[PDB]
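**Q** Before I ask anything, let me first share the structure, which is written out below as structure tokens.
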Amino acid sequence: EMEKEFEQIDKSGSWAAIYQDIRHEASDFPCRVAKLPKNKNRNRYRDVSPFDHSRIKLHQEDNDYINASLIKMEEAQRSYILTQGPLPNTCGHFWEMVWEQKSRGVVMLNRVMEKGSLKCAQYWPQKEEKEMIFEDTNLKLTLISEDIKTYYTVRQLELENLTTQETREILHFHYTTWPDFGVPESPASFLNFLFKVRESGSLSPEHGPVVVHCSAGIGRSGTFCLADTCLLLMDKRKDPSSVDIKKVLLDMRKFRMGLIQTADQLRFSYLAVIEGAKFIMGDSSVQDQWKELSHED
Ligand SMILES: O=C(O)C(=O)Nc1ccc(I)cc1C(=O)O
């Protein structure tokens, strides 16, 4: 039980040390393409790069690079694409990747503006009449509708491949109250949002992998995915005591660096998994309790 491990860590005030231990054990793989000179302007942050082995390749001939990684969780049987907040020059590449990878959902965990800076480009239309067209990747993107709640918004988007006029619906789940280098307001609010994503069908294996991003695609995005995958794991076996959260985080950091950026985000990951376990283990009524606690209307 992770609840015994939690109270133990807490009692001894040792989150920072557990977390430094993860940082020390985590995988180091090359990111040579990330670092090619040509790719300088495709990366938001110097120190955050996809590993070559798990990077997503764009299906184009000029330059196939995007700062994005495939997190493939074999045991759990869920994949995610984690990526940085698109740059003003990489929005067509971002949509190219959603198209090629056949993703149904985009989970955005940041605002465009955070801590006085622009953390991400405005890569989707904010209104129905004003579509976006990405001339470089030959894609149009239209806002079809939005559902604005208190701390998150769900949008439906239409993505058209202008080369073919094939058309797809993309759901965008936008968490707007999760601070950079911070944590959600509560396990309930986080879990309510996670369950909104899950309910939508976006995480399903009939789709390509969900695209998850924050500003760098590591802190908030790693926290989201850790909690999801830990709950999925518990689900398949109905055996919570068999889930080792630090170990599943280390499995995830094989596919992208720096997943989970603070010790408090780690601590929050345990809280969300311990609470979520209630639902996985048969108490379906918690779901509506989280919705109520979350104050989403
Ligand atoms: O958005 C996030 O949650 C996240 O992980 N962000 C970051 C991670 C690493 C670095 I270098 C910078 C940031 C940042 O946003 O400034």
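Residues in the structure tokens are numbered from 1 in each chain, the chains being A, B, ... in the order shown, and ligands are numbered from 1 in the order shown.
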Counting only C-alpha atoms, what is within 7 Å of range 214-220 of chain A, bar same-chain residues fewer than 5 positions away, as number ranges by chain?
**A** A: 48, 82-85, 108-110, 119-120, 181, 258-261
**Q** Excluding same-chain residues fewer than 3 positions from residue 153 in chain A, what lies within 7 Å of it counting only C-alpha atoms, as number ranges by chain?
**A** A: 146-149, 173-175
**Q** Near residue 188 in chain A, within 9 Å and counting only C-alpha atoms, which residues show up once chain neighbours fewer than 3 positions away are dropped, as number ranges by chain?
**A** A: 184-185, 191-193, 272, 275-276, 287, 289-294
**Q** Select, from A:38, A:111, A:78, A:53, the residue with the minimum atom-to-atom distance to residue 255 in chain A, counting only C-alpha atoms.
**A**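 Looking only at the distances to residue 255 in chain A, the closest residue turns out to be A:53.
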**Q** Record the distance separating CA of residue 58 in chain A and CA of residue 92 in chain A, expressed in Å with one decimal.
**A**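 CA of residue 58 in chain A sits 10.7 Å away from CA of residue 92 in chain A.
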**Q** Skipping near chain neighbours, those fewer than 3 positions away, what residues fall within 7 Å of range 1-6 of chain A using only C-alpha atoms, listed as a ChimeraX atom specification?
**A** /A:9-10,240-241,274
**Q** Write out, as a PDB file, in the first residue's frame, the residues just selected, with N, CA and C atoms.
**A**
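Output file result_30.pdb is given in full below:
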ATOM      1  N   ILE A   9       6.523   8.806   4.316  1.00  0.00           N
ATOM      2  CA  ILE A   9       7.225   9.966   3.702  1.00  0.00           C
ATOM      3  C   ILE A   9       6.921  11.342   4.278  1.00  0.00           C
ATOM      4  N   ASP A  10       5.622  11.553   4.416  1.00  0.00           N
ATOM      5  CA  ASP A  10       5.129  12.705   5.152  1.00  0.00           C
ATOM      6  C   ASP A  10       5.684  12.813   6.569  1.00  0.00           C
ATOM      7  N   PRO A 240      -4.229  -2.620  -5.797  1.00  0.00           N
ATOM      8  CA  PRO A 240      -3.538  -1.359  -5.591  1.00  0.00           C
ATOM      9  C   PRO A 240      -2.191  -1.537  -4.989  1.00  0.00           C
ATOM     10  N   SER A 241      -2.133  -2.593  -4.177  1.00  0.00           N
ATOM     11  CA  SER A 241      -0.863  -2.834  -3.497  1.00  0.00           C
ATOM     12  C   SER A 241       0.264  -3.261  -4.407  1.00  0.00           C
ATOM     13  N   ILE A 274      -4.128   7.687  -4.563  1.00  0.00           N
ATOM     14  CA  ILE A 274      -4.839   7.152  -3.379  1.00  0.00           C
ATOM     15  C   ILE A 274      -6.357   7.484  -3.367  1.00  0.00           C
TER      16      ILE A 274
END
**Q** Please indicate the distance in Å from CA of residue 86 in chain A to CA of residue 66 in chain A, rounded to one decimal place.
**A**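 Separation between CA of residue 86 in chain A and CA of residue 66 in chain A: 9.5 Å.
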